[PDB]
Each structure stands twice: as C-alpha cells, then as structure tokens.
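S.K.: Experimental structure and sequence below, a few questions after.
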Amino acid sequence: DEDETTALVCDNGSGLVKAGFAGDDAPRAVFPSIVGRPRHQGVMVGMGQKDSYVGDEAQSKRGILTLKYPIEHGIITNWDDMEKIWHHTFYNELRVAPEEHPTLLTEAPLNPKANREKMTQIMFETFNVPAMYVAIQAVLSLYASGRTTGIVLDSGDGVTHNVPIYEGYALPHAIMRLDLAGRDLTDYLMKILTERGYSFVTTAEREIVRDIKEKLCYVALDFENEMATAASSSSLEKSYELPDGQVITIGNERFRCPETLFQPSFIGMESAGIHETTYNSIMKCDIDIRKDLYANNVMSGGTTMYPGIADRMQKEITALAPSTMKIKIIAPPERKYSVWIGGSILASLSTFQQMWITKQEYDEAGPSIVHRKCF
Amino acid sequence: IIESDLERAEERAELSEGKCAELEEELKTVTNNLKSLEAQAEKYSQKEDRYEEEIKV
Amino acid sequence: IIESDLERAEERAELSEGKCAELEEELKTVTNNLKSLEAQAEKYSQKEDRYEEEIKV
Amino acid sequence: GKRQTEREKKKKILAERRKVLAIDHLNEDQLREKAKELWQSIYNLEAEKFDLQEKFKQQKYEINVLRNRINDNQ
Amino acid sequence: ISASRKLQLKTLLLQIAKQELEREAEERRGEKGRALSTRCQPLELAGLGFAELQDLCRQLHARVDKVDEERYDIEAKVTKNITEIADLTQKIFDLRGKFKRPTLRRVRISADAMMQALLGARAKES
Amino acid sequence: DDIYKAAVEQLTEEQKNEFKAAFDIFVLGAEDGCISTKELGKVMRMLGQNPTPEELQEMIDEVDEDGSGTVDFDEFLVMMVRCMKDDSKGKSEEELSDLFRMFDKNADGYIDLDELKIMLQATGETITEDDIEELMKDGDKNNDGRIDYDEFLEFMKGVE
Ligand SMILES: Nc1ncnc2c1ncn2[C@@H]1O[C@H](COP(=O)(O)OP(=O)(O)O)[C@@H](O)[C@H]1O
Ligand SMILES: [Ca+2]
Ligand SMILES: [Ca+2]
Ligand SMILES: [Ca+2]
Ligand SMILES: [Mg+2]
C-alpha cells in the first residue's frame, strides 16, 4: 500500500487517535480512544472469542461493552489498552508492519517518565521497530501554523497545555498543564442535565452527550446577559433530536457548559480559568516578548472546534490586559489535525531522518539514557 | 414482487434521510461560521474607520 | 398491508429526496455568500493592519 | 509492569530448555554417542521449524484469501 | 447439456483435486528432507579427543539453543497469524451470514419405504 | 437439481417404467395431466403424512425444470429420487481452503476462468463449452471473470 520508506505519523491524542502515513494532509484512521470490554459471559457459540474491542468496533457496540478510557488527565492508566490500540492500528487499518518504516509519535507536554519509558519499551522490545522518536505536540502545531512565535493552547480531552514559543524558542519552565478539558465539561453538562430532569449514569449516554456537545454547544459572548435574555427563552432554546429519537430540549445549558473553563469554581477547584492561567503565564514570560505573544497566540486541540472561542478570548484578554496595543488572535483552519499535519512535514526532512534513535544504542544505553538524549 | 419493491424503496428512503441529516448538520455549522465571520468583519470595518479618523487627527 | 407499506415508503422517500435537494441548493447559496464574506473580511483586516502601521509611524 | 515481565518470560522460556551439561564423569567412547543425541535434537528442532515455516506460508495465503472475502461482501 | 454431466465434472474435479493434494504433500516432504540435509549436516567424530568431544558438545548445545530461539520466534509469529486468521474468519462469517442458512427438506420421504408402500411386490429394483 | 438429475439418469429402465406407472396412478383422473399441489397433497393423504401448503409449493419449486408449478414425469423422477442426500457431509474448512488454493494456482485470491478451464482440461473428460459456461456462472456470481473464495464456497452446494 505504501511504496515510500517514511515514518508512520500516529498522533495518540487523548480522546481521538489519528494515524496516517507521512506526507498526507489528514489522518486516514481516526477513531476515539476507548476500549470496550466484554462485561458478561455468554453461553452462545460462534461469536468472536476476541476479549478486547477497540476503536470503531467498540463504538458500534457501547451497550454490551463496559467502556474504559486508556488515558486519564495524561497519565497512562492501563498499558494493555496501549498495546491493543497500537496492535489494532498496525494490523487492522494501515495493513503495514512497523518492521519496515519508522514511527514518529506525538506525546503531551510534561508527561511522566514512566509513560515514556513504557511506550518506548513496548515499541522496541515487543515490536521490532527500526527507530522511534518522541515529540511534543506544541512544536508540531506551531510548525503546521507556519510561524515561529506565539503561545499554543492545546486543549485535548482530559488535559490542557499552554506552551509559549517565541522566535522559535521553547520554554520548558513556563509550560503549565491543567486537567480541565472535555471530560470535565461532559461531567458538568451531565450533572446540570440531571438537574434539568433527564438523569443518566452510564458511559454510553456520556459519550452521546459528548457528541451532542461537540455538535451544538458553543461559547457565550456575554454570560450574565445571555442568562437574563434566556430567562424568557424563544430562539435561545433549541430542541435536539437524539439519534435514538427521544426529543431532548436544551436551552441555555449549552453556552454555560464551556463556561466552566472560565470559572473552575463550578467544579470546586482553586485553579484559575484557562484565560487567567494563560495571562499569568504571559506575566511569567519576559516583558520584551509579551506583545509578540499577544499578537501570535495559537490554539490547538479538538475542544477548540466550538464556535465563539476566539471572540471570548479577545474580550477576556482585552478586559485583563491594557487596550492600547493590538492583540490579534489567530486560529488556523482545521487546527485539530494541524498537529498531525506537522508530523507529516516533519518526517520528510533528511535531517530528521538523521535524528532517529535506532534499537542497538537504546539497548546498550537503556531507556533512562534515551530520556537524557532527547532532553 | 411487492415486498422486493418495498425493501428497495425503504433502502432508498433511509439513504436519502441519512444524507439529508448530514446536510442539515453541515448547514448549521456553516451558518454559525458565516454569522461569526460577518460579526467580526463588521468589527474590523468600524475599527478601520476609527483608525482612519485617528490617522487624520 | 404490504402494498400500503410500500406506498408509505415511497411517499417518505419522495419527501426526503425533495428536502435533501432543497438543502443542497441552500448549501450552495450559503457557501457562495460565505466565500464572498471571507474575501470582504480579509480586505477589511488588511486595510486595518495598514492603518495600524500608519498610526505607529 | 507485567509486560516487562512478559518479555522477561520470553527470554526465560528460552532459558528453561537449556540445562547444565557434565563432561567430567563421561569417558572417551560414551561422549561420542552422547554427541550424537545432541545432534538428533538439532535435527528434530529444525524439522518443527521447517513445518512452522511452511504453515506460515500457507497461513499467509489464508490471510490474503480472507481479505478478498471482506472486499467482495462489503 | 444436462445437470448429471456437471455433477460428473465436479466429482472428477474432486478426485483430481485429491491427487494434486497428495502430490503437493509428497513435494513438501521432499523439500523438507532436502532442507534438513542442507541445514543439519552429520557429525565427524572420527579422530576427536577427550577435550575435543567436550568442545564439540558445547558447540552443539549452543547451536541447539540458537535453533530453539529461531523456532520460538517463528512459533510466536505462527500464533499471531492463527489469532489474526480466527478474527478475520469470524468477521467474514458475521458479514456473510444474513440469510444463508440451509437445510435438506424433510418431507422428501425415503424411497425404500415409499416404494414398498406404493407398489408392494412390484418394487424390486428400486 | 444437479444431484437430482444425476440420480434420475442413474435409474434403470425398469425403475423408470415403474415411475411412469406411478405417475399415471397419481394423475389418474386429473385435469392438468401433472401432479400439482392438489394432487401431491392427495397422494400424501393416500399415504398418511400431511404436507403444509407452503411446503408443497417449496417442494414443487425444488423439482420443476419447466416452470409449470406442477410435477410431470421428467420431474416425477426427481421427486421420486431426491430421497438420498448426495450433497451432505461437507468437506472440512481446511479441505475447502486447499481446494481454493489448488484452484488458485498462481496465488492471487481468485479462480480466473483460465484456471477453471485448465482444470476441466486436466480432468480428462470431454468438456463441453456449455458445461464450461454453466460452471463459470455457478461459481462467478457477480460475473467479473473470476471465482473468489465466497463465490467458491457458493460453488460447493449441490457438490460432493
Ligand atoms: N469536531 C469536534 N467538535 C467539538 N469538539 C471536539 C471535536 N473533535 C474533538 N473534540 C473534543 O476535543 C477533545 C479531544 O481532543 P484531541 O483529539 O486530543 O485534540 P488533538 O488531537 O489536537 O490533541 C475531546 O474532549 C472532544 O470533546
Ligand atoms: Ca412442471
Ligand atoms: Ca488464480
Ligand atoms: Ca466473481
Ligand atoms: Mg489537543
């Protein structure tokens, strides 16, 4: 299927795995990060004895399979799910073995050392891979953006990373990760819908309402004013049609769901909102480059697909920062895949072909030394 | 014969309804994006007018 | 009964096809207006950036 | 952590079949016949390996065949 | 043409198929014999001393371990292949099921009993 | 129909004469000169067992070669010889895979018409072009020029 000896770019982002060959502009195999496990034991004869579903095979059946998240906040919980999702991506979709081409994986900023050593060991010992490389997502996203300056805000599913890069310079001391993202928003919407009257307590419905949020939920331009005008609703409340057919009616809750990002007090945490944390990060940077960080801020992550985030960011930053300079916020189209796109354009360079880590040196050095070599 | 005809008409209607729902979701998304673009364009227009006035001053 | 069901299925298929066609025309119109508005907004932002450079100078 | 132990068990499974050999209590003539039994073991081993190889080939064809079926009834 | 001719052709296909399978089995046995003769060559114990036999046995043990390692790798590959084949076959079964469950009609009454009950003494050849 | 017509032609002349006599007995006084659902059910009652009407239809559909909805002599032989199940005892899945492989000698996943024809040539029997076309159709369902493994599996019903 592939006639070019190039690394397979597999972005294992929290919530959605995006795998594809280098050189492509979009991932071909896109599936959620979920593992469905046979709950009961059947006396039936003939069905697949497979004890571990994955991807679309699990999405197609969520009532029988208990759903487990292979990644939580960033820390890898179960490694069997890791081996399952890579083995599946290798021998069920791509139809190619890892013994013929490299593999450029993308990991989140500020992750545990155990996670890195574990994935590297599974990719070297178990699977025969000629070479591995771990890369931070923020750099590849800035590559795909086509710039060298700005602060990347990557909001995945269970973690949110703010990474400032000015004039092509990483700042490992300022990268601050906060576990507020799509899962805590799904939980907030679920508890407020339970407050509305429709109560559910199973994961399949949780994924359904997550999809409903992805499709409908947006960000408000003025929270309190929308609350007041929605008190007497007319066009502000919408009636959604569940894929099963049950008629759901959702009004203001939509534009109050992502608001939890701006007010973490809703989930009883002393952490500051994403905008205030980004602002504090800007103060932690130097003054000289702060204006450039204001003018080149970039966004990444699937959570940014909601309509109305750019305007909300502009008003909040204008209210926090002075209103004398110019603070333009740029969001490139299809930003979610941009990271992966970067991977593709990063795997075609010959120099990058010279910066890989082969098996033998890793085996003698050991995983810890490999951690030192990368950084 | 009539059961075969019913099955074919049902499959046709199901396909049409699926495509129609996909078109509807796309329409909403594109309409929200267009509304946002119109609002932002209006802001840029008023801002550029204000900046031309400031240039004269 | 199966003939009645076939008639109902044909009616629903016709309705869905008509609605899908109407939505396709609406989508084409909205995309035309969308690209026009995108061009207008790009022009406005370029003029604003020019005015900003002039203000600084 | 169990996966690391799995790789360790892979090496340990290769380790279990090998055992210490003693050449001190044997004489000149016996060692020869004993060498022959080691040789037959070698022979035996390759045979099974060969079998596996041929089966592997066959199995690969199976895979190919199977793929075609999903490409004809989709 | 007739259907009996097609059945005759099909059964001839089956027997010529079986003979081909036997020929392929014999060829595989021959290839196995030749590969064994090429890989594992006999020993040469004539003229070896006490320590030389010891060193030869140690080398044979090392070769034993190397071959077992290769066989274990190939067997792990074969097990992965078995798993993949089972998965793919079951998926194909689920796909191709739909409406293709067959049976042999039971109202087809056995001719012997039917022939006796219809004829009596006239039924001798059937 | 395949195994049925084979068994029919395997009958002897005296057997076929008894079959014609039994046919005349069944259509004795009939109005269509053949054994329809009515006459078949009458015969079944005369015997003892009772046949379902939908079952009578499905049976007449499994013996006719003309399209009359009734059983004539040419179909009487099939209806009176179908008792032995010739297409039973299906070959093991491994044997079926071997069959597909040796019919797919060039290792491609498809039994092109060339392989089927050379196989028919190799069998030795005088292969008629009509036989080649009928077998090619029986195997290759979608008529793309080759018999895949699913179409090959379809080729095993009525075969043993
Ligand atoms: N099309 C979409 N619309 C809205 N939200 C989305 C969409 N796709 C993903 N998300 C949200 O983004 C999160 C997953 O983001 P992720 O795939 O990790 O981004 P990235 O791959 O850029 O790191 C989930 O919480 C999900 O709710
Ligand atoms: Ca007839
Ligand atoms: Ca072939
Ligand atoms: Ca075909
Ligand atoms: Mg992200």
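M.R.: Now that the structure is in, tell me what you want to look at. Residues are numbered from 1 along each chain as shown, chains lettered A, B, ... in the order given. Ligands and ions are numbered 1, 2, ... in the order given.
S.K.: which parts of chain B sit against chain A?
M.R.: B:25, B:32-33, B:36, B:39-40 (CB under 8 Å from any CB of the partner chain). Backbone N, C-alpha and C define where each C-beta goes, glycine included.
S.K.: Can you convert those residues into JSON lines and add a column each for secondary structure?
M.R.: Below are the residues of chain B next to chain A laid out as JSON lines (DSSP: H, G, I helix; E, B strand; the rest coil):
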{"residue": "B:25", "secondary structure": "helix"}
{"residue": "B:32", "secondary structure": "helix"}
{"residue": "B:33", "secondary structure": "helix"}
{"residue": "B:36", "secondary structure": "helix"}
{"residue": "B:39", "secondary structure": "helix"}
{"residue": "B:40", "secondary structure": "helix"}
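S.K.: does residue A:151 sit in a helix, a strand or a coil?
M.R.: What three-state DSSP gives for residue A:151 is strand.
S.K.: Quickly find the element holding the residue nearest to it when sequence neighbours are not counted.
M.R.: In space, and not counting its chain neighbours, residue A:151 is closest to residue A:164: 4.3 Å by CB to CB, 6 or more residues apart in numbering or on different chains. According to DSSP states H and E, residue A:164 maps onto strand A:160-165.
S.K.: which helices and strands sit right next to that strand?
M.R.: In terms of contacts (3 or more CB pairs under 8 Å, 6 or more residues apart in numbering or on different chains; DSSP states H and E), strand A:160-165 is packed against helix A:137-145, strand A:150-155, strand A:176-178, helix A:274-284.
S.K.: isn't the residue nearest to residue A:151 right next to residue A:176, touching?
M.R.: No. Checked against CB atoms under 8 Å, the pair residue A:164 and residue A:176 is beyond contact range at 10.0 Å.
S.K.: Identify, by residue count, the longest helix of chain F.
M.R.: Using DSSP state H, we find that the single longest helix of chain F is helix F:13-26.
S.K.: rewinding a little: check the gap between the residue nearest to residue A:151 and residue A:274 for me.
M.R.: Distance, residue A:164 to residue A:274, using CB to CB, to the nearest Å: 14 Å.
S.K.: Show me which of the two is the more surrounded one.
M.R.: Higher neighbour count among residue A:164 and residue A:274: residue A:164, with 26 against 23, using other CB atoms under 10 Å in any protein chain shown.
S.K.: List the buried residues for the next helix-or-strand element following the longest helix of chain F?
M.R.: Tracing the chain past helix F:13-26, the next element assigned as helix or strand by DSSP H and E is helix F:37-47. Residues F:37, F:39-41, F:43 are the ones in helix F:37-47 that count as buried (16 or more other CB atoms under 10 Å in any protein chain shown).
S.K.: Helix F:37-47 vs chain E: in contact?
M.R.: Yes. Helix F:37-47 lies within reach of chain E by CB under 8 Å from any CB, at residue F:47.
S.K.: Show the end-to-end separation of stretch A:73-93, please.
M.R.: Using CA to CA, to the nearest Å, one end of stretch A:73-93 lies 27 Å from the other.
S.K.: what about that stretch and chain D, touching?
M.R.: Yes. Applying CB under 8 Å from any CB, one finds that stretch A:73-93 is in contact with chain D at A:79-80, A:83.
S.K.: which among the residues you listed end up buried?
M.R.: Buried among those (16+ other CB under 10 Å): A:79, A:83.
S.K.: For chain B, see how far away the residue lying closest to residue F:56 once chain neighbours are set aside is.
M.R.: Sequence neighbours aside, residue F:37 is the residue nearest to residue F:56 in space, at 4.5 Å (criterion: CB to CB, 6+ apart). Separation of residue F:37 from chain B (CB to the nearest CB, to the nearest Å): 20 Å.
S.K.: Can you name the residue of the stretch 51-200 of chain A nearest chain E?
M.R.: Closest residue of the stretch 51-200 of chain A to chain E, CB to the nearest CB: residue A:91 (6.5 Å).
S.K.: Over to chain A?
M.R.: Closest contact between chain A and chain E, by CB to the nearest CB, is at residue A:48 (4.4 Å).
S.K.: neighbours of that residue, just the number please.
M.R.: When neighbours are counted by other CB under 10 Å, residue A:48 comes out with 15.
S.K.: still on that earlier bit, turn the buried residues of helix F:37-47 into a markdown table, columns for distance to residue A:327.
M.R.: Converted to a markdown table, those look like this (distance: CB to CB, whole Å):
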| residue | distance to residue A:327 |
| --- | --- |
| F:37 | 87 |
| F:39 | 95 |
| F:40 | 91 |
| F:41 | 91 |
| F:43 | 96 |
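S.K.: Look up the closest residue to the most centrally placed residue in chain D, ignoring the ones flanking it.
M.R.: The centroid of chain D falls nearest to residue D:49 when counting by CA atoms, centre = their mean (5.8 Å). The shortest distance from residue D:49 to any non-neighbouring residue, by CB to CB, 6+ apart, is to residue E:71 (4.3 Å).
S.K.: Mind telling me what element that neighbour is part of?
M.R.: Here residue E:71, judged by DSSP H and E, is contained in helix E:50-96.
S.K.: Show me which residues of chain D sit near chain E.
M.R.: Counting by CB under 8 Å from any CB, the residues of chain D close to chain E are D:10, D:13-14, D:17-18, D:21, D:23, D:28, D:31-32, D:34-36, D:38-39, D:41-43, D:45-56, D:59-60, D:62-63, D:66-67, D:69-70, D:73-74.
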